[PDB]
Amino acid sequence: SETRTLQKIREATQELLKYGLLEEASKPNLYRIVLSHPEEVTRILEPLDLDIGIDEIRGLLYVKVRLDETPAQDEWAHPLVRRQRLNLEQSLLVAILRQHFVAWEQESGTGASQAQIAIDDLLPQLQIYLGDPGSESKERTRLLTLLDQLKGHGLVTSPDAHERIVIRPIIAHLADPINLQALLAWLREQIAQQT
Amino acid sequence: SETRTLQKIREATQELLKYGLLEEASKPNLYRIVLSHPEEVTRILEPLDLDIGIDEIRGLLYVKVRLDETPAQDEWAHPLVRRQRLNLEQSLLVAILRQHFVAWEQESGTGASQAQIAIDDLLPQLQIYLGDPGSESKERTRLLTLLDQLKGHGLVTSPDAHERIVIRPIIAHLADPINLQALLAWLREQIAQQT
Amino acid sequence: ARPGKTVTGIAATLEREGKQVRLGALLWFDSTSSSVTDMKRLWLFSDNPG
DNA sequence: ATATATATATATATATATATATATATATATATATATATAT
DNA sequence: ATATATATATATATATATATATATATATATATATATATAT
């Protein structure tokens, strides 16, 4: 009766939906294929009221909702998308990563060199507020569990052979970090008071 | 201008995707929306290498893996499906549930949904195969563990106050006689393995 | 008078010949939500004067 | 002594039900015009 | 034979009833993390 959708477009769209975000440095072929068929991809996704956001400066593609503009659900909710509200420590680590990513993008370029930090560097930042949990093993366990949870959130990579993670570009793509800024101001105020 | 699909179509397809099946008896509006543009649903699932299953005798709509130019190989490897693969014990209990469903159907017909059996009714039907754990609570735990998953696949409702469950019509297609014969052949292969 | 986050308690003091035995409970809310589950519970049972 | 599984707590997001407000449709009331029957 | 009086019909207006849409409350399901118990 009528033609099918092209195989590679289907495969790449499904891949991105499975992963949410992807990198040209990771899968450049799918990256180029999607960017050569953005109309087809969005047409595939708009029935879901979904779409894709891209960052060629940092070489990242990612999904994005495409519902009707600004309904009463400004704190939006979508059928196919179950939303999350992270805890004190999760968002604390996210703010730490945000600040150091901001610093890196100035001292090492806006994703020109993938943002990196060592475990022994993140741990002191957490220790500023949480203090020593009791042992170095406990510190590493805490930070590694949090980093794994964020990796499941697509925010960070696992530490390298030198215990250095890579910050995914998606961190730059958060919606309203003003809450992160207020939280970090509150945290620094609290530690300054509680010392 | 834009390829935006009609909002009602998006609603119905999003719901169907969210739960993977849609019964007219429960949500007639979305069911009739789907059957009003079933080719739209097909052409939207086709990008995802998925297809729409239809059974109007039971007023049911469900999603099924499509055949790509490769018939999905082992279709359970399809990227989008969130769940695991079916296993032996699940198939055993599915067969018993389908036996009761066909009995109830001969009793009252196919399209209705009033079929039920109790926890104690199920317990011997599986205990014959599975041996005796040693306590009634343990076999109840076994049955409830199976039922939780099978509900996760949409086959059955949750255990009610009367310790019963309601058979969902979709089981008519998971227990397809053609698929039952194929599973019988696979069981003969398992015998060869035992050999 | 107590619609928001609140805490409530009760404790009766049975005894015999100086042997205290106390049955006490504690019920509290976290929010204006008034579900049966919203009321978090804990009983007590002690025979220590402290 | 360690690892794994389970249960519980936090908790949040979604779905369903119910009540109220608004819009629309129908009906009844009133008034005027026309037809017809009766009287001169 | 014509005039007039009265009954009947119609059109419009407004009042009311009913249907539907939306807002809000409640209940449950997921869901994920952590603590504890038990098995090896």
# chains A, B, ... in the order shown; residues from 1 in each chain; ligands from 1
>>> residues_around(residues="residue 14 in chain A", least_positions_apart="3", cutoff="10 Å", atoms="only C-alpha atoms (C1' of nucleotides)", output="ChimeraX atom specification")
/A:8-11,17-20,41,44-45 /B:47-49,78-80
>>> write_last_selection(atoms="N, CA and C atoms", output="tab-separated table (two decimals), in the first residue's frame")
chain	number	residue	atom	x	y	z
A	8	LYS	N	17.48	2.88	9.18
A	8	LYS	CA	18.45	3.53	10.06
A	8	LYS	C	17.80	4.60	10.92
A	9	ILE	N	16.84	5.35	10.36
A	9	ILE	CA	16.15	6.36	11.16
A	9	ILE	C	15.42	5.70	12.32
A	10	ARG	N	14.70	4.61	12.04
A	10	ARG	CA	14.01	3.88	13.09
A	10	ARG	C	14.99	3.41	14.16
A	11	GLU	N	16.08	2.79	13.74
A	11	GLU	CA	17.04	2.23	14.69
A	11	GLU	C	17.63	3.33	15.57
A	17	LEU	N	15.87	6.93	22.27
A	17	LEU	CA	14.82	6.80	23.27
A	17	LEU	C	15.23	5.85	24.39
A	18	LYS	N	15.89	4.75	24.04
A	18	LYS	CA	16.39	3.83	25.06
A	18	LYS	C	17.41	4.52	25.95
A	19	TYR	N	18.30	5.31	25.37
A	19	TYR	CA	19.37	5.96	26.12
A	19	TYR	C	19.05	7.38	26.55
A	20	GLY	N	18.05	8.01	25.94
A	20	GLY	CA	17.73	9.39	26.26
A	20	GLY	C	18.71	10.37	25.64
A	41	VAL	N	12.84	12.23	12.47
A	41	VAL	CA	12.90	11.83	13.87
A	41	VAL	C	11.80	12.52	14.67
A	44	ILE	N	8.55	11.13	14.01
A	44	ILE	CA	8.40	9.86	14.73
A	44	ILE	C	8.05	10.12	16.19
A	45	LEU	N	8.59	11.18	16.77
A	45	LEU	CA	8.47	11.42	18.20
A	45	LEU	C	7.29	12.31	18.57
B	47	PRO	N	7.70	2.91	12.82
B	47	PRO	CA	8.99	3.51	13.14
B	47	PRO	C	9.69	2.84	14.31
B	48	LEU	N	8.94	2.36	15.30
B	48	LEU	CA	9.51	1.71	16.46
B	48	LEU	C	9.68	0.21	16.27
B	49	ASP	N	9.40	-0.31	15.07
B	49	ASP	CA	9.44	-1.75	14.81
B	49	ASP	C	8.46	-2.49	15.72
B	78	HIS	N	14.21	-6.75	21.36
B	78	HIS	CA	13.80	-5.43	20.89
B	78	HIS	C	14.16	-4.38	21.94
B	79	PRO	N	14.77	-3.27	21.54
B	79	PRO	CA	15.28	-2.32	22.55
B	79	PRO	C	14.22	-1.77	23.49
B	80	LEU	N	13.01	-1.51	22.99
B	80	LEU	CA	12.02	-0.74	23.73
B	80	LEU	C	11.34	-1.52	24.85
>>> residues_around(residues="range 12-16 of chain E", least_positions_apart="3", cutoff="12 Å", atoms="only C-alpha atoms (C1' of nucleotides)", output="list in words")
residues 24, 25, 26, 27, 28, 29, 30, 31 and 32 of chain D
>>> write_last_selection(atoms="N, CA, C and O atoms (P, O5', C5', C4', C3', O3' and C1' of nucleotides)", output="PDB file, in the first residue's frame")
ATOM      1  P    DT D  24     -23.618  27.828  24.603  1.00  0.00           P
ATOM      2  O5'  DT D  24     -24.622  26.699  24.086  1.00  0.00           O
ATOM      3  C5'  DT D  24     -24.373  25.323  24.380  1.00  0.00           C
ATOM      4  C4'  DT D  24     -25.671  24.596  24.645  1.00  0.00           C
ATOM      5  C3'  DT D  24     -26.849  25.088  23.801  1.00  0.00           C
ATOM      6  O3'  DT D  24     -27.557  23.995  23.263  1.00  0.00           O
ATOM      7  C1'  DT D  24     -27.438  25.113  26.077  1.00  0.00           C
ATOM      8  P    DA D  25     -28.289  24.117  21.841  1.00  0.00           P
ATOM      9  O5'  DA D  25     -29.545  23.140  21.984  1.00  0.00           O
ATOM     10  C5'  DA D  25     -29.499  22.032  22.884  1.00  0.00           C
ATOM     11  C4'  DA D  25     -30.783  21.940  23.680  1.00  0.00           C
ATOM     12  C3'  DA D  25     -32.046  22.248  22.875  1.00  0.00           C
ATOM     13  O3'  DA D  25     -32.977  21.198  23.017  1.00  0.00           O
ATOM     14  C1'  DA D  25     -31.998  23.549  24.871  1.00  0.00           C
ATOM     15  P    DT D  26     -34.189  21.038  21.977  1.00  0.00           P
ATOM     16  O5'  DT D  26     -35.472  20.945  22.921  1.00  0.00           O
ATOM     17  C5'  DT D  26     -35.363  20.362  24.218  1.00  0.00           C
ATOM     18  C4'  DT D  26     -36.318  21.033  25.181  1.00  0.00           C
ATOM     19  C3'  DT D  26     -37.692  21.348  24.590  1.00  0.00           C
ATOM     20  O3'  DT D  26     -38.695  20.642  25.297  1.00  0.00           O
ATOM     21  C1'  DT D  26     -36.794  23.236  25.765  1.00  0.00           C
ATOM     22  P    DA D  27     -40.236  20.765  24.872  1.00  0.00           P
ATOM     23  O5'  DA D  27     -40.918  21.376  26.175  1.00  0.00           O
ATOM     24  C5'  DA D  27     -40.108  21.831  27.259  1.00  0.00           C
ATOM     25  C4'  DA D  27     -40.871  22.806  28.118  1.00  0.00           C
ATOM     26  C3'  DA D  27     -42.326  22.969  27.730  1.00  0.00           C
ATOM     27  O3'  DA D  27     -43.099  23.338  28.842  1.00  0.00           O
ATOM     28  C1'  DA D  27     -41.188  24.984  27.295  1.00  0.00           C
ATOM     29  P    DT D  28     -44.670  23.015  28.882  1.00  0.00           P
ATOM     30  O5'  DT D  28     -45.262  24.197  29.776  1.00  0.00           O
ATOM     31  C5'  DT D  28     -44.455  24.800  30.781  1.00  0.00           C
ATOM     32  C4'  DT D  28     -44.514  26.307  30.681  1.00  0.00           C
ATOM     33  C3'  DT D  28     -45.911  26.865  30.409  1.00  0.00           C
ATOM     34  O3'  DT D  28     -46.212  27.878  31.345  1.00  0.00           O
ATOM     35  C1'  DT D  28     -44.361  27.807  28.908  1.00  0.00           C
ATOM     36  P    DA D  29     -47.722  28.370  31.567  1.00  0.00           P
ATOM     37  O5'  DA D  29     -47.601  29.960  31.486  1.00  0.00           O
ATOM     38  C5'  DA D  29     -46.418  30.609  31.952  1.00  0.00           C
ATOM     39  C4'  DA D  29     -46.361  32.040  31.461  1.00  0.00           C
ATOM     40  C3'  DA D  29     -47.722  32.658  31.173  1.00  0.00           C
ATOM     41  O3'  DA D  29     -47.759  34.002  31.606  1.00  0.00           O
ATOM     42  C1'  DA D  29     -46.430  32.584  29.162  1.00  0.00           C
ATOM     43  P    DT D  30     -49.131  34.829  31.536  1.00  0.00           P
ATOM     44  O5'  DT D  30     -48.835  35.935  30.426  1.00  0.00           O
ATOM     45  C5'  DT D  30     -47.522  36.465  30.290  1.00  0.00           C
ATOM     46  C4'  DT D  30     -47.455  37.422  29.124  1.00  0.00           C
ATOM     47  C3'  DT D  30     -48.784  38.065  28.766  1.00  0.00           C
ATOM     48  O3'  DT D  30     -48.582  39.363  28.250  1.00  0.00           O
ATOM     49  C1'  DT D  30     -48.078  36.708  26.967  1.00  0.00           C
ATOM     50  P    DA D  31     -49.787  40.422  28.220  1.00  0.00           P
ATOM     51  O5'  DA D  31     -49.583  41.188  26.833  1.00  0.00           O
ATOM     52  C5'  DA D  31     -48.291  41.260  26.226  1.00  0.00           C
ATOM     53  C4'  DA D  31     -48.400  41.096  24.725  1.00  0.00           C
ATOM     54  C3'  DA D  31     -49.682  41.671  24.122  1.00  0.00           C
ATOM     55  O3'  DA D  31     -49.380  42.500  23.021  1.00  0.00           O
ATOM     56  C1'  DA D  31     -49.412  39.403  23.460  1.00  0.00           C
ATOM     57  P    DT D  32     -50.431  43.607  22.527  1.00  0.00           P
ATOM     58  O5'  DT D  32     -50.449  43.422  20.941  1.00  0.00           O
ATOM     59  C5'  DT D  32     -49.292  42.944  20.262  1.00  0.00           C
ATOM     60  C4'  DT D  32     -49.688  42.085  19.082  1.00  0.00           C
ATOM     61  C3'  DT D  32     -50.892  42.610  18.298  1.00  0.00           C
ATOM     62  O3'  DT D  32     -50.582  42.687  16.922  1.00  0.00           O
ATOM     63  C1'  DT D  32     -51.224  40.331  18.900  1.00  0.00           C
TER      64       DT D  32
END
>>> residues_around(residues="residue 4 in chain D", least_positions_apart="2", cutoff="10 Å", atoms="only C-alpha atoms (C1' of nucleotides)", output="VMD selection string")
(chain D and resid 2 6) or (chain E and resid 38 to 39)
>>> write_last_selection(atoms="N, CA, C and O atoms (P, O5', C5', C4', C3', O3' and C1' of nucleotides)", output="PDB file, in the first residue's frame")
ATOM      1  P    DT D   2      33.977  -9.599  57.145  1.00  0.00           P
ATOM      2  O5'  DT D   2      33.168 -10.030  55.837  1.00  0.00           O
ATOM      3  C5'  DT D   2      33.672 -11.075  55.015  1.00  0.00           C
ATOM      4  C4'  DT D   2      32.650 -11.497  53.980  1.00  0.00           C
ATOM      5  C3'  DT D   2      31.951 -10.342  53.265  1.00  0.00           C
ATOM      6  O3'  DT D   2      31.936 -10.576  51.866  1.00  0.00           O
ATOM      7  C1'  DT D   2      30.333 -11.777  54.263  1.00  0.00           C
ATOM      8  P    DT D   6      13.695 -12.553  48.082  1.00  0.00           P
ATOM      9  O5'  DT D   6      13.092 -11.888  49.400  1.00  0.00           O
ATOM     10  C5'  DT D   6      13.397 -12.447  50.673  1.00  0.00           C
ATOM     11  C4'  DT D   6      13.028 -11.484  51.777  1.00  0.00           C
ATOM     12  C3'  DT D   6      11.777 -10.657  51.496  1.00  0.00           C
ATOM     13  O3'  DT D   6      10.960 -10.594  52.645  1.00  0.00           O
ATOM     14  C1'  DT D   6      13.604  -9.215  51.928  1.00  0.00           C
TER      15       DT D   6
ATOM     16  P    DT E  38      16.541 -14.770  60.881  1.00  0.00           P
ATOM     17  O5'  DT E  38      16.920 -15.652  59.605  1.00  0.00           O
ATOM     18  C5'  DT E  38      16.419 -15.304  58.315  1.00  0.00           C
ATOM     19  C4'  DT E  38      17.306 -15.874  57.231  1.00  0.00           C
ATOM     20  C3'  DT E  38      18.048 -17.145  57.626  1.00  0.00           C
ATOM     21  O3'  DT E  38      18.232 -17.977  56.493  1.00  0.00           O
ATOM     22  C1'  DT E  38      19.618 -15.508  57.113  1.00  0.00           C
ATOM     23  P    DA E  39      18.255 -19.576  56.634  1.00  0.00           P
ATOM     24  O5'  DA E  39      19.113 -20.041  55.368  1.00  0.00           O
ATOM     25  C5'  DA E  39      18.952 -19.378  54.114  1.00  0.00           C
ATOM     26  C4'  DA E  39      20.280 -19.257  53.389  1.00  0.00           C
ATOM     27  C3'  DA E  39      21.196 -20.468  53.535  1.00  0.00           C
ATOM     28  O3'  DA E  39      21.837 -20.757  52.301  1.00  0.00           O
ATOM     29  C1'  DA E  39      22.314 -18.546  54.336  1.00  0.00           C
TER      30       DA E  39
END
>>> calpha_fit_and_write(fixed="chain B", moving="chain A", output="short mmCIF file (atom, residue, chain, number, x, y, z; two decimals) with C-alpha atoms, in the first residue's frame")
data_model
loop_
_atom_site.label_atom_id
_atom_site.label_comp_id
_atom_site.auth_asym_id
_atom_site.auth_seq_id
_atom_site.Cartn_x
_atom_site.Cartn_y
_atom_site.Cartn_z
CA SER A 1 2.50 27.36 10.25
CA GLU A 2 0.44 24.18 10.46
CA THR A 3 -1.98 22.45 12.80
CA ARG A 4 -1.19 20.23 15.77
CA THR A 5 -2.27 16.65 16.36
CA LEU A 6 -5.64 16.32 18.09
CA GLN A 7 -5.37 16.19 21.87
CA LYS A 8 -7.36 13.03 22.55
CA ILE A 9 -5.55 10.99 19.89
CA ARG A 10 -2.20 11.99 21.40
CA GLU A 11 -3.35 11.20 24.93
CA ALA A 12 -4.80 7.80 24.02
CA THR A 13 -1.77 6.77 21.97
CA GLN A 14 0.58 7.72 24.80
CA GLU A 15 -1.65 5.87 27.27
CA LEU A 16 -1.56 2.68 25.21
CA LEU A 17 2.21 2.92 24.74
CA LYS A 18 2.62 3.32 28.50
CA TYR A 19 0.36 0.32 29.14
CA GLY A 20 0.98 -1.68 25.95
CA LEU A 21 -2.53 -3.13 26.15
CA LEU A 22 -5.85 -1.74 27.34
CA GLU A 23 -9.52 -2.72 27.56
CA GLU A 24 -12.78 -1.10 26.53
CA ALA A 25 -14.25 -2.44 29.77
CA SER A 26 -11.44 -0.51 31.50
CA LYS A 27 -11.28 2.74 29.49
CA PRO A 28 -14.04 2.59 26.86
CA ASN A 29 -13.67 6.25 25.88
CA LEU A 30 -10.02 5.92 24.83
CA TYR A 31 -10.89 2.59 23.20
CA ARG A 32 -13.54 4.19 20.99
CA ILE A 33 -11.40 7.26 20.31
CA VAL A 34 -8.49 5.15 19.07
CA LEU A 35 -10.71 2.85 17.03
CA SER A 36 -12.23 5.97 15.44
CA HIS A 37 -8.74 7.25 14.55
CA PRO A 38 -6.72 4.11 13.71
CA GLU A 39 -5.06 5.84 10.75
CA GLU A 40 -3.92 8.70 12.98
CA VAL A 41 -2.66 6.32 15.68
CA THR A 42 -0.68 4.15 13.26
CA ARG A 43 0.72 7.27 11.58
CA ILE A 44 1.85 8.36 15.05
CA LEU A 45 3.39 4.94 15.69
CA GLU A 46 4.82 3.96 12.30
CA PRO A 47 7.78 6.40 12.63
CA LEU A 48 8.66 4.29 15.67
CA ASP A 49 8.04 1.23 13.45
CA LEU A 50 5.28 0.37 15.92
CA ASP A 51 1.55 -0.21 15.48
CA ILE A 52 -1.49 -1.53 17.36
CA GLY A 53 -3.30 -4.84 17.40
CA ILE A 54 -6.94 -5.05 18.45
CA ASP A 55 -9.46 -7.73 19.46
CA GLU A 56 -13.04 -6.46 19.43
CA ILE A 57 -14.33 -9.95 20.27
CA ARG A 58 -12.54 -9.74 23.63
CA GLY A 59 -12.56 -5.93 23.67
CA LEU A 60 -8.78 -5.42 23.89
CA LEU A 61 -6.32 -3.11 22.15
CA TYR A 62 -2.57 -3.65 22.18
CA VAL A 63 0.64 -2.53 20.49
CA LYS A 64 2.47 -4.31 17.68
CA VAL A 65 5.74 -3.78 15.83
CA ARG A 66 5.55 -2.56 12.23
CA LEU A 67 9.12 -2.88 10.99
CA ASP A 68 9.86 -3.82 7.40
CA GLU A 69 8.64 -7.34 6.77
CA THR A 70 10.81 -10.31 7.79
CA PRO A 71 14.42 -9.09 7.87
CA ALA A 72 17.19 -11.46 8.89
CA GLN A 73 15.99 -10.81 12.45
CA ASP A 74 13.12 -13.29 12.30
CA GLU A 75 13.79 -13.58 16.03
CA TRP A 76 13.12 -9.88 15.82
CA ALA A 77 14.89 -7.12 17.72
CA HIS A 78 13.75 -3.49 17.81
CA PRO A 79 15.58 -0.44 19.22
CA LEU A 80 12.73 0.88 21.40
CA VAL A 81 11.74 -2.64 22.51
CA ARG A 82 13.93 -4.66 24.86
CA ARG A 83 12.90 -8.30 24.61
CA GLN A 84 12.72 -10.86 27.43
CA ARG A 85 13.23 -14.61 27.84
CA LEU A 86 11.30 -15.99 30.81
CA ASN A 87 12.57 -18.75 33.08
CA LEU A 88 11.45 -22.32 33.74
CA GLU A 89 8.85 -21.48 36.39
CA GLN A 90 7.58 -18.31 34.71
CA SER A 91 6.86 -20.07 31.42
CA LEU A 92 5.51 -23.07 33.35
CA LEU A 93 2.89 -20.86 34.99
CA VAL A 94 2.25 -19.22 31.62
CA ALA A 95 1.50 -22.63 30.10
CA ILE A 96 -0.81 -23.48 33.01
CA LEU A 97 -2.67 -20.21 32.48
CA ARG A 98 -2.81 -20.84 28.73
CA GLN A 99 -4.39 -24.27 29.13
CA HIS A 100 -6.99 -23.10 31.63
CA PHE A 101 -7.74 -20.00 29.53
CA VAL A 102 -8.30 -22.28 26.54
CA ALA A 103 -10.72 -24.35 28.62
CA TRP A 104 -12.52 -21.24 29.92
CA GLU A 105 -13.00 -19.75 26.46
CA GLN A 106 -14.94 -22.90 25.54
CA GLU A 107 -16.91 -23.33 28.77
CA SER A 108 -17.42 -19.58 29.28
CA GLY A 109 -17.03 -17.93 25.86
CA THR A 110 -14.21 -16.22 23.95
CA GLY A 111 -13.89 -13.37 26.41
CA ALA A 112 -17.66 -12.97 26.79
CA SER A 113 -17.01 -13.73 30.45
CA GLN A 114 -13.50 -12.64 31.37
CA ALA A 115 -11.38 -15.73 31.96
CA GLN A 116 -11.05 -16.46 35.67
CA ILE A 117 -9.45 -19.04 37.95
CA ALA A 118 -8.99 -19.37 41.70
CA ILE A 119 -5.66 -19.38 43.52
CA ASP A 120 -6.62 -22.74 45.03
CA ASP A 121 -7.13 -24.01 41.47
CA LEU A 122 -3.87 -22.76 39.94
CA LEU A 123 -1.85 -24.01 42.92
CA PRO A 124 -2.74 -27.70 42.32
CA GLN A 125 -1.72 -27.37 38.66
CA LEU A 126 1.72 -26.10 39.67
CA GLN A 127 1.91 -28.73 42.43
CA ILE A 128 1.49 -31.39 39.73
CA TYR A 129 5.03 -30.66 38.54
CA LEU A 130 6.78 -28.70 41.31
CA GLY A 131 5.15 -30.57 44.21
CA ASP A 132 4.46 -29.16 47.64
CA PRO A 133 6.97 -26.35 48.35
CA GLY A 134 6.66 -26.94 52.10
CA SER A 135 3.59 -25.04 53.28
CA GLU A 136 0.38 -23.42 52.09
CA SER A 137 1.88 -20.01 52.86
CA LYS A 138 4.86 -20.87 50.66
CA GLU A 139 2.52 -22.05 47.88
CA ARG A 140 0.56 -18.80 47.99
CA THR A 141 3.74 -16.71 48.12
CA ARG A 142 5.18 -18.54 45.11
CA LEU A 143 2.04 -18.28 43.00
CA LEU A 144 1.36 -14.67 44.00
CA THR A 145 4.91 -13.55 43.18
CA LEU A 146 4.67 -15.28 39.81
CA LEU A 147 1.23 -13.78 39.17
CA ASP A 148 2.50 -10.30 40.07
CA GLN A 149 5.43 -10.72 37.68
CA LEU A 150 3.05 -11.79 34.91
CA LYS A 151 0.77 -8.86 35.78
CA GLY A 152 3.77 -6.61 35.18
CA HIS A 153 3.82 -8.46 31.86
CA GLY A 154 0.16 -7.52 31.36
CA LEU A 155 -1.05 -11.12 31.34
CA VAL A 156 -3.16 -11.52 34.51
CA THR A 157 -5.04 -9.49 37.10
CA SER A 158 -4.73 -9.60 40.87
CA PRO A 159 -6.97 -12.09 42.70
CA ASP A 160 -10.43 -10.82 43.61
CA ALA A 161 -12.02 -10.99 47.06
CA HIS A 162 -12.47 -14.73 46.40
CA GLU A 163 -8.82 -15.16 45.30
CA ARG A 164 -9.91 -15.42 41.64
CA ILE A 165 -7.72 -13.74 39.03
CA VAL A 166 -8.89 -12.56 35.61
CA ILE A 167 -6.94 -13.61 32.52
CA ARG A 168 -6.23 -10.71 30.20
CA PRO A 169 -7.14 -11.30 26.52
CA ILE A 170 -3.49 -10.76 25.57
CA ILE A 171 -2.82 -14.40 26.46
CA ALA A 172 -4.71 -15.32 23.29
CA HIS A 173 -2.38 -12.93 21.42
CA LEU A 174 0.96 -14.63 22.09
CA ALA A 175 3.13 -15.23 19.03
CA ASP A 176 4.36 -18.85 19.05
CA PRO A 177 2.78 -20.90 21.87
CA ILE A 178 3.90 -24.06 20.02
CA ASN A 179 6.90 -23.72 22.33
CA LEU A 180 4.43 -23.64 25.24
CA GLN A 181 2.74 -26.78 23.90
CA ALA A 182 6.08 -28.58 23.59
CA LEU A 183 7.05 -27.43 27.08
CA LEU A 184 3.78 -28.66 28.56
CA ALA A 185 4.14 -32.01 26.80
CA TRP A 186 7.67 -32.26 28.22
CA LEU A 187 6.44 -31.32 31.71
CA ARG A 188 3.62 -33.86 31.72
CA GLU A 189 6.01 -36.51 30.40
CA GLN A 190 8.54 -35.67 33.12
CA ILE A 191 5.99 -35.79 35.95
CA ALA A 192 4.53 -39.04 34.61
CA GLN A 193 8.06 -40.46 34.58
CA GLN A 194 9.01 -38.95 37.95
CA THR A 195 6.09 -40.46 39.90
#
>>> select_by_dssp(residues="range 6-164 of chain B", states="alpha helix (DSSP H)", output="NGL selection string")
:B and (7-19 or 28-36 or 38-45 or 88-108 or 119-130 or 136-152)
>>> residues_around(residues="residue 28 in chain C", least_positions_apart="6", cutoff="7 Å", atoms="only C-alpha atoms (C1' of nucleotides)", output="PyMOL selection string")
chain C and resi 6-8+39-40
>>> write_last_selection(atoms="C-alpha atoms", output="compact mmCIF listing (two decimals), in the first residue's frame")
# COMPACT_ATOMS: atom_id res chain seq x y z
CA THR C 6 1.12 17.83 64.81
CA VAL C 7 1.95 15.28 67.49
CA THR C 8 -0.43 13.67 69.98
CA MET C 39 -1.05 9.12 60.93
CA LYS C 40 2.20 7.39 61.86
>>> interface_residues(of="chain D", to="chain C", cutoff="12 Å", atoms="only C-alpha atoms (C1' of nucleotides)", output="ChimeraX atom specification")
/D:9-11
>>> write_last_selection(atoms="C-alpha atoms (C1' of nucleotides)", output="CSV table (one decimal), in the first residue's frame")
chain,number,residue,atom,x,y,z
D,9,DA,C1',10.1,3.8,55.0
D,10,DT,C1',9.9,7.7,52.3
D,11,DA,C1',7.5,9.6,48.8
>>> atom_distance(atom1="CA of residue 50 in chain C", atom2="CA of residue 13 in chain C")
12.5 Å
>>> atom_distance(atom1="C1' of residue 20 in chain D", atom2="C1' of residue 17 in chain E")
15.5 Å
>>> residues_around(residues="residue 22 in chain C", least_positions_apart="6", cutoff="7 Å", atoms="only C-alpha atoms (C1' of nucleotides)", output="list in words")
residues 11, 12, 13, 14, 45, 46 and 47 of chain C
>>> decode(residues="range 14-24 of chain D", atoms="N, CA, C and O atoms (P, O5', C5', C4', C3', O3' and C1' of nucleotides)", output="tab-separated table (two decimals), in the first residue's frame")
chain	number	residue	atom	x	y	z
D	14	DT	P	2.92	11.78	36.76
D	14	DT	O5'	1.80	10.68	36.49
D	14	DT	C5'	2.10	9.29	36.63
D	14	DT	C4'	0.86	8.52	37.02
D	14	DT	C3'	-0.42	8.99	36.32
D	14	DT	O3'	-1.01	7.92	35.61
D	14	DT	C1'	-0.75	8.84	38.69
D	15	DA	P	-2.28	8.20	34.66
D	15	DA	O5'	-3.50	7.59	35.50
D	15	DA	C5'	-3.33	6.37	36.20
D	15	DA	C4'	-4.56	6.05	37.04
D	15	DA	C3'	-5.88	6.36	36.35
D	15	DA	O3'	-6.82	5.34	36.61
D	15	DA	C1'	-5.70	7.63	38.36
D	16	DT	P	-8.23	5.31	35.84
D	16	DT	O5'	-9.29	5.59	37.00
D	16	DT	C5'	-9.10	5.00	38.28
D	16	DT	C4'	-10.05	5.61	39.29
D	16	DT	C3'	-11.42	5.97	38.73
D	16	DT	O3'	-12.44	5.49	39.59
D	16	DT	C1'	-10.45	7.87	39.76
D	17	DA	P	-13.99	5.62	39.19
D	17	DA	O5'	-14.59	6.54	40.34
D	17	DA	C5'	-14.07	6.45	41.66
D	17	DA	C4'	-14.54	7.61	42.50
D	17	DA	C3'	-15.95	8.09	42.19
D	17	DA	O3'	-16.63	8.44	43.38
D	17	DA	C1'	-14.43	9.86	41.81
D	18	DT	P	-18.23	8.48	43.42
D	18	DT	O5'	-18.55	9.93	43.99
D	18	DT	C5'	-17.70	10.50	44.98
D	18	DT	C4'	-17.71	12.01	44.89
D	18	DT	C3'	-19.06	12.61	44.49
D	18	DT	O3'	-19.36	13.71	45.32
D	18	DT	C1'	-17.39	13.44	43.07
D	19	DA	P	-20.88	14.13	45.62
D	19	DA	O5'	-20.80	15.71	45.80
D	19	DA	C5'	-19.61	16.32	46.31
D	19	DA	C4'	-19.33	17.63	45.59
D	19	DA	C3'	-20.58	18.41	45.20
D	19	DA	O3'	-20.46	19.76	45.59
D	19	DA	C1'	-19.22	18.05	43.28
D	20	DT	P	-21.74	20.72	45.59
D	20	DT	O5'	-21.23	22.02	44.81
D	20	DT	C5'	-19.83	22.30	44.72
D	20	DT	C4'	-19.54	23.10	43.47
D	20	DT	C3'	-20.69	24.00	43.02
D	20	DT	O3'	-20.18	25.19	42.46
D	20	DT	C1'	-20.20	22.49	41.30
D	21	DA	P	-21.04	26.55	42.51
D	21	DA	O5'	-20.53	27.35	41.23
D	21	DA	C5'	-19.20	27.16	40.74
D	21	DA	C4'	-19.20	27.10	39.22
D	21	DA	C3'	-20.23	28.01	38.56
D	21	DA	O3'	-19.64	28.77	37.53
D	21	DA	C1'	-20.50	25.77	37.79
D	22	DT	P	-20.42	30.02	36.89
D	22	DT	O5'	-20.37	29.72	35.32
D	22	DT	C5'	-19.32	28.92	34.78
D	22	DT	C4'	-19.77	28.26	33.49
D	22	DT	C3'	-20.73	29.11	32.65
D	22	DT	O3'	-20.33	29.09	31.30
D	22	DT	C1'	-21.72	27.01	33.12
D	23	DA	P	-20.95	30.14	30.25
D	23	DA	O5'	-21.52	29.21	29.09
D	23	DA	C5'	-20.91	27.95	28.83
D	23	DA	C4'	-21.83	27.07	28.01
D	23	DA	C3'	-22.77	27.83	27.08
D	23	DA	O3'	-22.90	27.14	25.86
D	23	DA	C1'	-24.05	26.60	28.66
D	24	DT	P	-23.62	27.83	24.60
D	24	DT	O5'	-24.62	26.70	24.09
D	24	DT	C5'	-24.37	25.32	24.38
D	24	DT	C4'	-25.67	24.60	24.64
D	24	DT	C3'	-26.85	25.09	23.80
D	24	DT	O3'	-27.56	24.00	23.26
D	24	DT	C1'	-27.44	25.11	26.08
